[PDB]
Amino acid sequence: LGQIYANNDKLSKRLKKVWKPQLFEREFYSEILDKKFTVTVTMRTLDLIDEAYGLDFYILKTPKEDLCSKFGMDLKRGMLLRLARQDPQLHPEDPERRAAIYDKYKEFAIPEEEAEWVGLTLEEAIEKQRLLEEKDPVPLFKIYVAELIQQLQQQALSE
Amino acid sequence: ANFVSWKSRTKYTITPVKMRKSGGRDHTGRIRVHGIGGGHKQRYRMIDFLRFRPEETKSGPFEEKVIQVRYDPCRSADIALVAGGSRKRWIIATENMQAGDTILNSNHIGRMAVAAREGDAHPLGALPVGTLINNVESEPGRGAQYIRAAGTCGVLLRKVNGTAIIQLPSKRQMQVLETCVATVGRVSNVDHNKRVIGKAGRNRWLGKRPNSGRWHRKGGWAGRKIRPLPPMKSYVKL
RNA sequence: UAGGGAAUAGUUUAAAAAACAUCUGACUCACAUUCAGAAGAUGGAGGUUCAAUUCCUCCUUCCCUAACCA
RNA sequence: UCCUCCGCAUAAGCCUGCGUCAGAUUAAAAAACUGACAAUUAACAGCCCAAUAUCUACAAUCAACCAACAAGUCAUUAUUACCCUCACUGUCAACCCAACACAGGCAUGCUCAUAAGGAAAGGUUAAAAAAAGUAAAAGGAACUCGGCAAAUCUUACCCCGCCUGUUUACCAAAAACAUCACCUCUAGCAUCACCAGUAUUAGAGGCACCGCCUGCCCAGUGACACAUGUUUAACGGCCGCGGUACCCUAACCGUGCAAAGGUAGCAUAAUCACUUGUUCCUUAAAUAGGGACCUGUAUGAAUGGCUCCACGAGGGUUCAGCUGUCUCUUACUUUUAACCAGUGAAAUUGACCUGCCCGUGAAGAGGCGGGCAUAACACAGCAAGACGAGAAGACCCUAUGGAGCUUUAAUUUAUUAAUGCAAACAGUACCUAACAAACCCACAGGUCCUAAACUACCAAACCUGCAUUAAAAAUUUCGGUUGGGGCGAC
RNA sequence: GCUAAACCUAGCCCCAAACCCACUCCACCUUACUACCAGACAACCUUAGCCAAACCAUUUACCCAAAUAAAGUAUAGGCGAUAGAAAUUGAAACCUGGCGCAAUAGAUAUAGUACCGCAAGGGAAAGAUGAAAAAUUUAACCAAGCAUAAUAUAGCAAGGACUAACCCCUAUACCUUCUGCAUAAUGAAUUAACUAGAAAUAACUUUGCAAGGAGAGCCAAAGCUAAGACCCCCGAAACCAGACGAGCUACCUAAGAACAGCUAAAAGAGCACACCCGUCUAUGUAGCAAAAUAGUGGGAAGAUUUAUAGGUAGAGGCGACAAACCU
Ligand SMILES: C[NH+](C)c1cc(NC(=O)CNC(C)(C)C)c(O)c2c1C[C@H]1C[C@H]3[C@H]([NH+](C)C)C(O)=C(C(N)=O)C(=O)[C@@]3(O)C(O)=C1C2=O
Ligand SMILES: [K+]
Ligand SMILES: [K+]
Ligand SMILES: [K+]
Ligand SMILES: [K+]
Ligand SMILES: [K+]
Ligand SMILES: [K+]
Ligand SMILES: [K+]
Ligand SMILES: [K+]
Ligand SMILES: [K+]
Ligand SMILES: [K+]
Ligand SMILES: [Mg+2]
Ligand SMILES: [Mg+2]
Ligand SMILES: [Mg+2]
Ligand SMILES: [Mg+2]
Ligand SMILES: [Mg+2]
Ligand SMILES: [Mg+2]
Ligand SMILES: [Mg+2]
Ligand SMILES: [Mg+2]
Ligand SMILES: [Mg+2]
Ligand SMILES: [Mg+2]
Ligand SMILES: [Mg+2]
Ligand SMILES: [Mg+2]
Ligand SMILES: [Mg+2]
Ligand SMILES: [Mg+2]
Ligand SMILES: [Mg+2]
Ligand SMILES: [Mg+2]
Ligand SMILES: [Mg+2]
Ligand SMILES: [Mg+2]
Ligand SMILES: [Mg+2]
Ligand SMILES: [Mg+2]
Ligand SMILES: [Mg+2]
Ligand SMILES: [Mg+2]
Ligand SMILES: [Mg+2]
Ligand SMILES: [Mg+2]
Ligand SMILES: [Mg+2]
Ligand SMILES: [Mg+2]
Ligand SMILES: [Mg+2]
Ligand SMILES: [Mg+2]
Ligand SMILES: [Mg+2]
Ligand SMILES: [Mg+2]
Ligand SMILES: [Mg+2]
Ligand SMILES: [Mg+2]
Ligand SMILES: [Mg+2]
Ligand SMILES: [Mg+2]
Ligand SMILES: [Mg+2]
Ligand SMILES: [Mg+2]
Ligand SMILES: [Mg+2]
Ligand SMILES: [Mg+2]
Ligand SMILES: [Mg+2]
Ligand SMILES: [Mg+2]
Ligand SMILES: [Mg+2]
């Protein structure tokens, strides 16, 4: 979203101008996820995926601010979780092939704890955090029956 | 704002359905077409424009009896209630269609053309060249969109290469596949264009609002323009 | 009242020609047409310019437009 | 005694807003004021339905007979599911929208005439002027811009518009707009307008029923075709200069110019140089009106021309009558008025102890000069002055002040459409010079001054980026001088 | 002597410091504040313009993360108006204070209430004894306006006077605006309160230090540091952005309602009520009324009139074009 001077002359009228990218619908296969995706892309994305030697490399290498898509960051979290877990759901019947994929991408492996939070928006993260912390309250009946026993137990040992 | 099209019913009936006026507004509530508004209330009678529509468990040519020919507020032509088997439907009446007639709905094309009786529906390939036809479709099974107004007809001009050339009421030629169905004869109410509105108020009865009083100076578009007939429109794919 | 334009053979148009009118002849019984000859004007006055049909300035003359707001 | 619009209900609105008691004191004068306490009770009304499929051509009008078009408000069945029974809310009033206890606005039913609902006069006097009425001698439009208003209850016509209709709420109702009719333009088609339509259609416009017509012009400008072009019921336009029958005029003559040279009609007026033309009607008298003629600075054909029925709160002319319009006013009634009592506004106002005449003066003095007049103060009238009041003149000019509108004003194409190109993506390629010199098989046949290189449309109606042309718009300005400005001139 | 007058609190202002705010039982996104049914609707997207440039058309400062300094320098710009860095440099922690207001001030605030507006929105006014009111009996005197107490030839209202108020003589209000105003040019009933000159450059004056000055930076060929001293108020028609508006009115949608009698009978026919409209006259003109009343009118089965709910929204709508109507 910008402006332009008509006929590239500052003394002419200043006009609003929007340059939009040329978008193509193409399909892409993920080795780690063993899935085909129909993604809207630019010609640039296709040039970047080539320079990365594939979609898995492109998603795994490119950082958040250069992917510029929540979908790319979900693909990353997805790929990263299979690598962190060595997930056997990838080609369940081909352990040899499955290990060739995971070795190919061994550079990007991170702990599963960290991979779960990769790409989450702040609002997603809080919901993830709120759900992890969602626990039913403990009835005070159980809490006091523990204090009583421990209170009776300590009294017995002393004498 | 909250405009909802009346054309919401999904099953064919012959019961006249209530329709809602638009006033020439679109769904935004804004005037889209000027000069529409008011008029007598009307009910819509669903016209079946697919003449060769065999019943659910039936197939092939079939006949129908004309039960009634009556007035239609929603179009300039007349409509005929026909009954065949266990089904009734509204169709466009032809010039001389009357109660008690029997009409033929056929999809058969033979080496020899049939004798074209008014009110019968045949594929274009089955008709003699020069027959007067109405209620034409552009693709086989699409349903009649052409030659539907009162007193109208087209002419079968040629039958070449499994296609039929016809002349539209506007005199422009139109090419379709020979399996397209048409009805023989002219649409009913042949004297419809001789009607005299008579007084301004009768145009209000028909749902027309008066023209703007604003004066417009005529521009280059005005004045007689003698241009050739457009080239034949083809709906055939090679 | 105030601005603009225009005055070319008798006529009407050109840029000093043309068609008429006129004059002379031929053709005709005669006339007309036609044919062949001939003459015929740059509004007047005032300039300049190497040279004034496009240029003056004025007069004389005819036209055109404008003459509005309270 | 008088009035009667009314009134009573429902709806909507409003929300305790003339019940009681106790207070104060009741109201544009003398409780609807304050505080307490009461109060409208459901049958009327509101608040409603288990599912899925399926059904539903035949108006209404006393619905019969007839006759219509603008073609219409009222309907199920099948099979499952289904024991449970009167909750909740409105219910008052002298009421609401109009700043008000406002002559306004306000839907339906019923009565209207009333069974219901109300009081025009605070008391007096009975001047002007003013308002609203009634009556009026003789005359009867002499009034006046006009018969406005009144009275009476008429005739004939002219213009314009055909007609009913529509409009500037709050200065214009009209001749303006629409309109039946006629014609021009665009469009071959569906699932949100047009339209559940389909060229006898549907959109954009002109003009204005009907009758008689609607002439000529495509050069220019626009549209369309963009191959010579087509198109006026598109924008528009539709000739001169000389001469010839006494004059007038020119059937006629000469020459020139244009795309065509204004045709048919019509013309002393919604139209008007002279002009109040001229003539015939009309009056005693006509710058009026009618009929004609003259003929058009600048009449004229769907920017419609010319007639004509009917119609009009349109503009104009008129017979008869009618009358206070007038000659020429008068009389009476009510209102207002004036006086008494109650209540009690507004604009306005430098201060005022606020005369006249002449003169003067920022050019029209109560106020200055010179004269003249002159105890003081209420009330009623009047409208000559106070350049009276009201609204920082709507005229006119000025302001490098606005704004609306229109364009061939300048700037621009963001947007929109079309087009090209590039991007994306089909998806496969050998297709235009034979000429027999003793050498040539009984045939599908060798050579000489000719036996060659040899991508097809870039690969769709999309989307992006670039240009290009349009349409629609947007932003901004509209110099000065000037014996006011404009115009002219500078 | 009335009406009045007077008051000192309520609170408020600017800083500092410190990082605030929940259910309170029941109700509340449907017509909010409404115990209790089959759904799926979902957020993001450059401000513009006034104004300055004495028009206007490119352009015209707007905290963006340390005071100072570099520097109004580099640079940008119808190279105009104006705009304008960076490198580099690197001062300071002690909340409870005030040469702030004191009822027309200070918050709009006693309250976002009353009141006004359909809505968005706009938006007030005011109190005052005393230790005790379970002491109601103790003070003056003060604006305009009045009252006590109208008035006596003559004149900007006074002045000079005078024994004497007046009589005599002299004397053309004021402000603004103008060549020039008693002007019959502007404004002003009057009282009270409120209500309008803000700062650089250079210079000057008065100190300090002085070839130096200055508490880094900046100036210096008597400079340099410091100080003093200086440039108003109210007013358009507009322009743009985002909201709110169709309970009026224009047009439309859904579904209603009304239209007596008489004539004629095909009905946008006639007469004529209810009803709708508004031709003409008079009245009224701060009205009864921010468009009415009386009479007279036009239409009144229709392109009629009208109740209800809904729709279209300002670069817009709507329009039988009147540039109509859109509270
Ligand atoms: C002053 N002249 C130019 C003139 C003026 C007017 N009218 C006006 O100027 C009106 N002006 C207003 C609009 C009122 C401001 C005019 O109205 C006229 C005329 C011209 C005459 C010429 C007449 C002439 N004859 C008959 C004396 C004549 O020969 C012709 C002719 N065409 O050749 C006429 O038509 C003539 O009769 C005529 O009509 C004239 C005007 O109408
Ligand atoms: K009228
Ligand atoms: K006349
Ligand atoms: K005459
Ligand atoms: K009329
Ligand atoms: K007077
Ligand atoms: K003068
Ligand atoms: K300006
Ligand atoms: K004066
Ligand atoms: K003056
Ligand atoms: K004045
Ligand atoms: Mg039309
Ligand atoms: Mg029109
Ligand atoms: Mg007279
Ligand atoms: Mg007279
Ligand atoms: Mg009258
Ligand atoms: Mg006309
Ligand atoms: Mg009006
Ligand atoms: Mg009206
Ligand atoms: Mg007005
Ligand atoms: Mg009127
Ligand atoms: Mg008209
Ligand atoms: Mg006609
Ligand atoms: Mg014509
Ligand atoms: Mg003629
Ligand atoms: Mg006449
Ligand atoms: Mg004239
Ligand atoms: Mg004339
Ligand atoms: Mg003309
Ligand atoms: Mg025309
Ligand atoms: Mg008629
Ligand atoms: Mg009428
Ligand atoms: Mg008349
Ligand atoms: Mg008479
Ligand atoms: Mg006067
Ligand atoms: Mg005055
Ligand atoms: Mg003024
Ligand atoms: Mg300006
Ligand atoms: Mg401006
Ligand atoms: Mg200029
Ligand atoms: Mg000037
Ligand atoms: Mg002048
Ligand atoms: Mg000029
Ligand atoms: Mg002056
Ligand atoms: Mg004065
Ligand atoms: Mg003045
Ligand atoms: Mg005054
Ligand atoms: Mg601007
Ligand atoms: Mg009538
Ligand atoms: Mg209307
Ligand atoms: Mg108009
Ligand atoms: Mg106008």
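So that the names make sense, note that chain A is the first sequence line, chain B the second, and so on, each numbered from 1. Reckoned from all heavy atoms, side chains included, excluding hydrogens, waters and symmetry mates.
Taking side-chain N and O atoms only, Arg142(B) has no distance below 4.0 Å to OP1 or OP2 of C189(D). Put simply, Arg45(B) has a side-chain N or O that comes within less than 4.0 Å of OP1 or OP2 on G72(D). Under 4.0 angstrom from either OP1 or OP2 of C194(D) there lies no side-chain N or O belonging to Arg32(B). An OP1 or OP2 oxygen of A223(D) is reached within less than 4.0 angstrom by no side-chain nitrogen or oxygen of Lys218(B). OP1 and OP2 of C235(D) both lie 4.0 Å or more from every side-chain N or O belonging to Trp221(B). A close approach under 4.0 Å does occur between a side-chain nitrogen or oxygen of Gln145(B) and OP1 or OP2 of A190(D). For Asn189(B), no side-chain nitrogen or oxygen approaches OP1 or OP2 of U200(D) to under 4.0 Å. An OP1 or OP2 oxygen of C192(D) is reached within less than 4.0 angstrom by no side-chain nitrogen or oxygen of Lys7(B). Look at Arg20(B) and you won't find any side-chain N or O under 4.0 angstrom from OP1 or OP2 of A254(E). Contact check, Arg172(B) against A199(D): no side-chain N or O comes under 4.0 Å of OP1 or OP2. Between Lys225(B) and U231(D), a side-chain N or O to OP1/OP2 separation shorter than 4.0 Å is absent. Close to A193(D), at under 4.0 Å from its OP1 or OP2, lies no side-chain N or O of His27(B). For the OP1/OP2 pair of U200(D) and a distance below 4.0 Å, the side-chain nitrogens and oxygens of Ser76(B) include no atom meeting the criterion.
Anti is the glycosidic conformation of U179(D), whose angle departs from 0 by more than 90°.
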Using the 3.5 Å cut-off, write out each protein N or O paired with an N or O of nucleotides 55-62 of chain E and the distance between them.
from, atom 1, to, atom 2, distance (Å)
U58(E), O4', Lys10(A), O, 3.1
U58(E), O3', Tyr5(A), OH, 3.4
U58(E), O2', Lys10(A), O, 2.4
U58(E), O2', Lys10(A), NZ, 3.2
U58(E), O2, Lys10(A), NZ, 3.1
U59(E), OP1, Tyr5(A), OH, 2.3
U59(E), OP2, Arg14(A), NE, 3.3

Check: protein-nucleotides 40-47 of chain E nitrogen or oxygen pairs below 3.5 Å:
from, atom 1, to, atom 2, distance (Å)
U46(E), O2, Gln3(A), OE1, 3.1
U46(E), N3, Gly2(A), N, 3.4
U46(E), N3, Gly2(A), O, 3.1

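For CZ of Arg130(A), the number of neighbouring non-hydrogen atoms (other residues, nucleotides, ligands) closer than 6.0 Å is greater than 12.
Pairing status of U198(D) against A337(D): not a Watson-Crick or G-U wobble pair with both distances under 3.5 Å. No Watson-Crick or G-U wobble pair links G344(D) with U164(D) with both defining distances under 3.5 Å. By the Watson-Crick or G-U wobble test, with both distances required under 3.5 Å, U432(D) and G483(D) do not count as a base pair. Under a 3.5 Å limit on both donor-acceptor distances, the bases of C2(E) and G261(E) fail the Watson-Crick or G-U wobble criterion. Between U333(D) and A219(D), the two key atom distances do not both fall under 3.5 Å in a Watson-Crick or G-U wobble layout, so no such pair is counted. A canonical Watson-Crick or G-U wobble pair links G305(D) to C212(D), with each of its two hydrogen-bond distances shorter than 3.5 Å. Nucleotide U91(D) is annotated as unpaired relative to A399(D) [Watson-Crick or G-U wobble, both distances under 3.5 Å]. Nucleotides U34(E) and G310(E) fail to qualify as a pair under the Watson-Crick or G-U wobble definition, as the contacts are not both shorter than 3.5 Å. The base of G228(E) engages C204(E) as a Watson-Crick or G-U wobble partner, both distances under 3.5 Å.
Taking every side-chain heavy atom of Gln22(A) into account, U464(D) is the closest of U464(D), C189(D), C235(D). Residue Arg43(B) has its side chain nearest to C58(D) when only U186(D), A199(D), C58(D) are considered. With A303(E), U201(D), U184(D) as the choices, the nucleotide that has an atom nearest any side-chain atom of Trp205(B) turns out to be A303(E). Checking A303(E), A70(D), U56(D) against every side-chain atom of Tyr71(B), the shortest atom distance belongs to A70(D). Counting only heavy atoms from C-beta on, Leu168(B) has its side chain closest to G188(D) among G188(D), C180(D), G205(D).
Both tests hold for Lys199(B) against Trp205(B): distance to the six-membered ring centre under 6.0 Å, angle to the ring axis within 45°. Taking the ring centre of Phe3(B) as origin, the terminal cationic atom of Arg25(B) falls outside the region bounded by 6.0 Å and 45° from the ring axis. A cation-pi arrangement is not found for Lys142(A) relative to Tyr144(A), the charged atom failing to lie both closer than 6.0 Å to the ring centre and inside a 45° cone about the ring normal.
Distance check on atom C1': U88(E) versus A66(E) gives 14 Å, rounded to whole Å. Rounded to whole Å, the separation between the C1' atoms of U26(D) and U125(D) comes to 33 Å. If you take atom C1' in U354(D) and the same atom in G366(D), they sit 6 Å apart, rounded to whole Å. Comparing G289(D) with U317(D), their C1' atoms sit 4 Å apart, to the nearest whole Å. Nucleotides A199(D) and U307(D) have their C1' atoms positioned 38 Å apart, rounded to a whole Å. Nucleotides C325(E) and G123(D) place their P atoms 50 Å apart, quoted to the nearest Å.
Counting non-hydrogen atoms under 4.0 angstrom, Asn193(B) reaches a base of the nucleic acid. Nucleic acid contact for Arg89(B): none, since no nucleic acid atom lies under 4.0 Å from a heavy atom of the residue. Using a 4.0 Å heavy-atom cutoff across all strands shown, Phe24(A) reaches sugar-phosphate atoms only and no base atom. The residue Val190(B) sits close to a base: some heavy atom pair falls under 4.0 Å. At a threshold of 4.0 angstrom between heavy atoms, the contacts of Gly38(B) are confined to the sugar-phosphate backbone, with no base atom among them. Counting any heavy atom pair closer than 4.0 Å across all strands shown, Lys11(B) reaches sugar-phosphate atoms only and no base atom. Using a 4.0 Å heavy-atom distance criterion, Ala149(B) is classed as a sugar-phosphate-only contact.
Using modelled atom types, one finds a donor on one side chain and an acceptor on the other under 3.5 Å when comparing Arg51(B) with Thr183(B).
Sugar pucker of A66(E) is south, as judged by a negative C1'-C2'-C3'-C4' dihedral.
Counting heavy atoms from C-beta on, the side chains of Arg70(B) and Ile79(B) come closer than 4.5 Å.
Below the 3.5 angstrom threshold, one finds no donor paired with an acceptor across the side chain of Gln42(B) and the base of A71(D).
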(message) For a quick check, with a 4.0 angstrom heavy-atom cut-off, what is the B/S/- contact string for nucleotides 311-326 of chain E, read 5' to 3'?
(response) BSSS-SSSSBB-----

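Separating the CD atom in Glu114(A) from the CZ atom in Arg77(A) is a distance of 14.5 Å, to the nearest 0.5 Å.
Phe57(A) and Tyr105(A) have their aromatic ring centers within a separation under 6.0 angstrom.
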